[PDB]
C-alpha cells in the first residue's frame, strides 16, 4: 500500500472482483484469437497484409497524439462543483448565481505556460486556473491565472511575447536574450514581472495558490442594470510557495509533482477548496478611476473596492482517463451565459476569438461534442450542422434555416446583450505609456518587505545576468524608474555575476 | 399532399403537436437574444468581435464540408435487417448465420463510381451496394457491386483505372481518350465493359438491381473446415433498367432520382427485399477449376456451382440525417467476423488496407466512434487509446498494455484464423494474360441475344466514337478477339460516326 | 481534328519530341521495377506488406480528395493580367493603379453557388467572379458576383440562406419548400431574386457576363482623402444568356459547358476581355443618399454616379493542373493593400473573417504557401512561424518577436488604415425593413419590358409552384408589394399549375 | 563572449550589415502600419473585426503546434554528408556506394524514446539515430538506435510496450508497475534491458554514442546476388557516458543538454565523425546460424561476422530553423533504393508500414513535399496526384494513369526486387521462447566486468524497487535464469530498499 496514485492499476483490478476478463476485440468489435504474434508465411516468412488485427491496432497507435496547447501545455485536471453561499443577484441575473445553496458541476485544469508537454511542474512561471461551469443557460468558462495582472495590455503583442518565452527558432533552446529583449522594451510588463520573480512565482502545488479572472468583466441584473467586476478565488488551503532550491530539485526529482499532489489529495478525502469573491465597480467610479479600468496591467485596490463573498469552489473528483477528460478539455472565454458579459478590455476582446478558433484546430470543428466539453446541463438547439466527426444525430431532420415556418428553435429576446454607448475614431490607439511604474512602486514597497525585496532582486538578477550587457542596461533603467533601490540593488547583483 | 420526401419539413412540424419551439442557443448552449442581426457600433457602424453568436455560427458553417469518398461519391442510404431463412452452419460458424430466424440489424448504401458529389444518379456506371452487419462478434461489412466481376484483377492498377474514368488533369473534363486508352491496353476489362455497356448498365433505381460480393471469400465451419464462396443477393423487386433515352432525360430532370426513388418506397411501406445466396466451392474443385478461382474477371457458372439460399435482406427505414447516417457511414471489407475470412484474391487483398486507411483521412482516426459505424451490438475492449476527437471514455483507466496481470481484456483462442499452406517465390507475378475472352465470348453469345447484342455494340460505339482513331483500332482488335461479329459490328457503327 | 481541350494528352505527348519517358519512381524518389503487378507468395498466394511500391501509391490515392468549397463549389479558372488605362490616382494610392500602362498578373475563378462539385454549369444561379491581383504591396483579392446586389444585407442570415438553397437534411434532395419559405420571410431578397429569375439568370458561358464587387468599398489617395466606391467589370464579348430550354439540355449534354467553353477560347487565342470601371461617391453624398449606401440590396444609379474607366481585364492563359492552380486557389476579401479599405457594409464586414477562416480548414493553416496563393510579387516578412506543412524556410533563424533590437522586419507608418469617426450604441440594429420594393419596382418597370416581364414571372412561377400553397401566398403578397401586376401575373400562372 | 548557441540572434543581426530592416507585412504580403496596437472604436472602445492584421497573425499563431512523434519526440538534428571510403560494390549495387570518394548529402536526428516534447535529454532511455541519404536513386532512410538489439522481436507488441513506457492512463504519471509488469512478462526483453541499465544507458551527448541499423537487411549486387547484413556506425569521438549523478543534475540544469552540445560542436568546426561498417552473412551461414538471423533480440558475433569498413559519416552543418528542418523531417525505413532491401525480420516488416502511415497523420499526405523530406537529388515522376497542401505543379497536365500511349513515365525493369522462395503455413507463429538468456548470459559475463556488473544490478534495483513485490519476484526469476548471480545480486539490493 503506497500512495493512491501508484496503486491505480492495483485498485482497478480490485474493482473486478469475480468478473472474468473482457474479450479482446479489434476496433470493429471482432474478437482476436492471438494479439501477441503477427501473421507470416512460415515461422521466418514475411508479414502479409492479411493481418488486419495488426494494422488496426498499429494504425490507431500511429494516431494517438494531437497538437498540444500552443500555451499552457503542461497541466492537471480535476472535477467538483460550485456552491452559492451569498446572494449577489442584485448584481447579475446569471442562473449560476440563482439562489443560495445552488450547486453547479464544474471542471478545472491547472497548468504552466511556456513549458512543453514533457516539461516540469515546479518552475517559475504563471499558473493556469480554468473553470468550466455546466449551467442551465449553457457552459460558462472562467479562464484565469494565479496572478491578477499580466505582462502586456494589448493582444497584438501576445503571439510575440509568448514566442520570446519559448525556444529560439534556430537553436531550439531557451534564450535569455529574447526573454529580456522584449521585456526591456515593454516596461509595462514590470508589474507582472515583479510578481513573477517574487515568492508567489513558484506555488507549492495547485492547491496552495489563488485564482483571479484577471480581466474586467461586466455583470447585468434582471433589470438590465450593469456593473463591472473582477473574479477572485482564494485557496482555503493557504498560500504556499516552494523555495528556488526545492523547486529546482523537485523540478527533476518529480516533474509531475503538481499532478501527483493534486490527485493524491483528492483520492484521500482531502478535497481542495477555494472561496469565490467579486470586486464591484459601478460605471461612475469606472470614470473617476485614476487609470484605465480595463488595463490588464493594473489592479483594483481592495480598500476602494472590497471583495464580496459569493460562493465556494470544491474539487472532489479526479479524472478517469487523462487524455479524454483533461488533455481534451477546452475552455472558451466567450462562453458566457446571460448575466455575464465582456468589457472593452483589449486583451479580453482578443481572447474572445483566439480560443474557439484554436480549439477547432487542436481538437476539431465539433470539439464541443467531446463529453467534457459538451454542455450536458443545457439543451443545444440551433441551425448548425455537419462538420468532421459529427456525433449525436446532427440534430436529426429539423429545419436548418432561420427563420422558418416549421417550429424550429427560436431566439429568446431576454437573452439580449447589454447595450453601451461609445464614440470616437476607429484606429490603433497606442497604449504603450499608460503608466507602467506607479502601481509597481507601491508593490515593491508596501506590498513586500525587506526579505522579499531582497529575494526578488536576487531572483531577477540570477536570470537577467545571462543576457547581453546592452540588454541588461535597458532592463535596469526600467527598474530604476520603478524605484531607485529596485534598480541599483539589481545592478549590484549583476556586477557580481558579470564579473566572474 | 405530395410525395413523403417533399413533405419532410411538413411532417416534422406535424410531429410537434402542442410542443413549443426549443430555445435557440449557441454552440456552448448559451441562449440567443437575436440571431437575425449582427452587432455593430451605430446602425451603420462596423462589426465587432464581441458578437460571438455570429462567429460561433459562422465558424462552424465554414467547416461543414468534408472530403467526399474518392470513389462512389454520389450515393443513398437506408436501414433494415438481415434474416436467416436456411441453415448453412455446416459451412460457416459466423454468429450471423447462427440459427434460422435470427435477425441482425443492417445498414446499406447504394452508389455510382466516377461521378462526383453533385453528379447525376441515372448514368451508365457500376452501382455500389454495401451492407453493414451489426453482429455480436463485431461488425461485418459486405461491400459489393451490382456486377459479379470487374475490369482489372490487380489492385496496383485501380488508382490508374479510376483516374482514367474521372476528369482530365489539365482541362478537368471527362476524356474519352483516357477512358479507352487504358481499356484498350487492358483486354481483361473486356468482360466487365461488355457488362457495363449492356442493358444492365443503367438500372432503374437501386431496388431493381442485384448485388454481389464479387470477390471469392473463404468460409470456416465450427470444425476448422474451410471452403470458398461468393455472395449474391437478388432483388425481390425484379431486374429493371432505364433506356438510354430515359436515363439521359432523368439525368437532368431529377439527378437524385435514385435517392428520391428509394426514400419514397420505404416511406410508403414499400420495403425493398433481397434474397441472399452463396456459391460454394471446395478446396478440391478449387484446383480443377479451368481458371483462377480468385480471378476477379471470372465468374462461377451456376451449373457447376448453384446458388444456395441463406436468408433475406430487408430495408424498412430511411435515415434521419443524411450527413450523419449516410455521408459518414464507412464500410471496411476487413471487417470480417469469425467464420468468414479473405482469400488469395489480389483485388481483395489490396482492399483489406485501402478502406480503413482512406477512412482515417476522410472521417478521422476514430471514425469507428461515429454512431453509424460504432459496433454497438458488440463490446469493444482492446488496448487502443487516444486519437483526435476521442469519444466515449477512452476505455477509462484500464491497463493499456498486453500482456498484463491486472485483468484487462484477453485474446480468445477460438477466434484464431484458418491456416493454409503456401509455397513459391515472392515476386510480381504477371496476370495480364489470364485469358480475357473465353468467358466474355460465352457472354456475348449465350447470355445475350439478337437485340441485346445490337444495343450493346451500339452503346459502346456511341461512346468509343469520340476517342482518337488509333485508340479505336486497338479497342476493335480486342473486341474481334472476343467474337468476329462483336468487333465488325462495332467497326461498322464507328465508320458511320467517324465518316 | 478536335477542340484543343479534347486533344490535351495528345499535345502533351507532342511536346515530348525525342525525349525519352521519365523513369517511374515511388514517392521518395526510388525507381519502380514493375507497377503493374502486386507482390505475393507464389502466383496464387496472399499479398505482403513488403510491397511498399503498392502501398505508397495506394495510400496517397486514398488521400486525393479534400473538402469542397462550402459554397461556389463548381467552378473554372484562368490566368491573365490587369492593365491600367486611365489615371485615377487622385482617388486611390494603390500600387496597382500607380501609372497608366502598368500591368499586374492576375488569377480568376468563375463558379455557381449551391451546386456541388459534380453539378452542372448551365444552371440558374448567381455566378462567381473572383480576381487575384499579385501586386507589389501584397495580393489583392476582388471576390465578386455577376450581379451588383444580393438576397440579404446581413451576414448572420447567410448560413441559413445557403442551407435553404441546398439539400434537405433528411432527404438530401433540393427542397422548394425551404428555398421559398426563407425568401418569403425575407422580402429584402426580392431585388436579387427578380434579377436571378430574369434572363441574366443563366449566362451563356463565363465570358458573356459582367462582374461587380457588389459591396461598397473605400478608397484612399496619397493625401489620406477617402471616398466610397463600387467595382464593375463589363465583358468585352457582350452579355449573352442561354434560354430555359437550351440551358436544360446542356445541363446534361455537357455539365462542364462553362469549363470547356472558357478553356477552348483561351486555347484558340480568343482571350476574353473585361473593362474595369468604378462608381465614386464622396462622404457628402453618402449622407444625402436616399438609402443606406452600404446596403448590399441596393444599387448606385449610373445617372447620379457614372462609371469611370480604370483599366482592362485580360485572360490569356489556361491552368496546367486544375487541382493545383484552380481547386486550390483561395481568395480573401480581406486581402486589400494600401489605397483600398473596407466599409461599414455588414455583409462585407462579416466576409472579412469567413474566407480566411474557412481556407484554413479546407486547405490548411499555411494555405498561403500554395504557389497560386503565395504573393510572389511581394516580400513576406513578419513574425509568424511554424504550422503544419510549413514550406519554404519558416523565415530561417530570424527574431520571431516584435519589437526587438536585432534588425527584424519593422512596421511601415505609411501603411496605416484610414480613420473614421463613429458613435452610438453597440447592439444588433434591425435592418429587416430598409425598403425592399422601391428599387425593385424601378427594375421590374423601367429596366425590363413586356417580354422580360412575362418571361420573368414565368420563370418564377415555374419554380415557386412546386412549393406549398401557404408558402405560395406569402411570396405573392411580397411580389404584389413590388407591383400589382408583378404579383397577379405570377398568381395567374400559379393557379394553372396548381390546377 | 559566449557560446555560439547563445549568440544566435546576435550573429544574425551581424549578418545584416548596412541592409535596412525588411518591411513587416501580413500573410498576403500587405504591409503593416502598426502591429503594436489593436483597432478599437475610441481609446477604450471594443475591438472590431476590421483588424485583419490582428486576426491574420493571431489565427496563424493558433495553428503553430502539430502532433508530436508518438515516440522519439525529444530530439536534435544536423546535416552533413556520407563519403564512401571502401569498395563493397561486390555486395550491393546501390548508387550510394557507387565508387570511392562519392559524397552524398545526409540528414540526421537524434532522440530519446518515451520522453515527451518538453522532456530532458540526459535520461536513461535508448537513443534515436536516423540518417537520410539524398541519393540519385531516391532517398534512403536508415533509421537506427544506439543499441544493436531491442526489447521485443514482434511488432504486434510494440504499441503495448511503448504504452507501458509512458504515463498511466488515469494518473498521467510514469508507472514503474506498468514498466516492469510487461518486462517481467516478456523475458525476451532481458538482453536489451541489461544494455539499457548498463553504463551505455545514458550517453554523454549524441556525438559519443554508436549507431546501428539494428535489423537484418538484405543486400543485392549488380548480378542479382543477395547477402544479408547489419549496419554499424561507430563514433570517431569515442564512447562516453554520463554518471547517474551527473545525468540527474544535467537532467534539470540543462534539459536540452544534447541539443546545445551538438549545435556548439558544429558551430565551432568540431564536426562529429562516425565510421560506417557492415556485417555480412551469406544465405548459407544464415541457416547454420544457431539462432534466428532475423531475431531483433540477438546480435551477430564480430568473431564469426567481422565489421567491414564502408565509409565515413560527417555532420558539418546546423539547422537554420528547427521546426522546418528538424521537427518536420520524416524518416521512412521503407525508403530503400535498388541494392538495399528488407528481410523476414518481423519487427522490420511492421515498420515498413508504421512510419509512412504515421507521417501522413503527423505532417500530412504530401509530407514528402516539405523540403527536408523532398528527394531533391532525384526526379519524382509517377502517377500520384492531388492531396491536401499540394505544392509544386502536381506534375502539371501529364497522363495520370498507367499504362498509356502518351509518353508518361515508365517502370524500369532493372529496379525489380530480389525474389526469395518461402514455404509453409500462413499463421501466427509464436516466438515468445526463442531463447531469451543465452546471449544475455554471455553479455553479463564476458562483456562486462566486476564494476559494470555491480553498477548494472544497482541501476536496475534502484528502479525495479518501486514496483509491487509480486512483480519484483517475477523479474528476479527471469534474471536468475540469465545467471544465478545476476538475480541474487538484485534480490539483495531489493531487500534493502524493500526494508
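Just so it is clear, A, B, C and D label the chains in written order, and each chain counts residues from 1 on its own.
By definition in this document, a contact is a pair of C-beta atoms (placed from the backbone, for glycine too) under 8 Å apart; a residue touches a chain by one contact, two chains touch by 3 or more.
Undergrad: Chain C and chain D share one sequence, so how far apart are they rotationally when you fit their Cα atoms? Give it in degrees, rounded to a multiple of 5.
TA: My answer is 180 degrees for the C-alpha fit.
Undergrad: Compare the CA centroid of chain A with every other chain's and tell me the farthest one.
TA: Chain centre farthest from chain A's centre: B.
Undergrad: Please work out the Cα centroid separation of chain B and chain C, and write it as a whole number of Å.
TA: Their C-alpha centroids are separated by 34 Å.
Undergrad: Averaged over CA atoms, how far is the centre of chain A from the centre of chain B? Could you give it in whole Å?
TA: 47
Undergrad: Where in chain B do residues touch two or more other chains at once?
TA: Residues 8-10, 12, 33-36, 39, 41, 45-50, 55, 57, 59, 61, 63-66, 157, 159, 168-171, 178, 181, 320-321, 323, 342, 349-350, 353, 357, 360-361, 365, 383-385, 394-399, 402-404, 406, 416-417, 422-428 of chain B touch two or more partner chains.
Undergrad: Would you identify the shape of the chain contact graph, picking one of line, ring, star, complete or other?
TA: Complete.
Undergrad: For this structure, give each pair of chains that are touching.
TA: All touching pairs, sorted by chain label, are A-B, A-C, A-D, B-C, B-D, C-D.
Undergrad: Touching residues of chain A toward chain C in the complex: what are they?
TA: Touch residues, chain A against chain C: 41, 45-50, 157, 159-161, 163-164, 168-171, 178, 181-182, 185-186, 357, 360-361, 365, 383-385, 394-406, 416-417, 419-428, 470-471.
Undergrad: Okay, in this complex, where on chain B does chain C touch?
TA: On the chain B side, the touching residues are 1, 5-6, 8-10, 12, 33-48, 50-51, 53-55, 57-59, 61-70, 73-74, 76, 115-120, 154-159, 162, 167-178, 181, 248-249, 251-252, 256, 259-260, 263, 292, 294, 318-323, 326, 342, 344, 346, 349-350, 353-354, 357-358, 361-362, 422-432, 468.
Undergrad: Considering only the defined contacts, which chain B positions touch chain A in the complex?
TA: 8-10, 12-13, 16, 19, 21-36, 39, 41, 46, 48-50, 52, 55-57, 59-61, 63-66, 137-139, 141, 320-321, 323-324, 328, 332, 334-338, 342, 349-350, 352-353, 356-357, 360, 363-371, 375, 377-399, 402-404, 406-417, 422, 426
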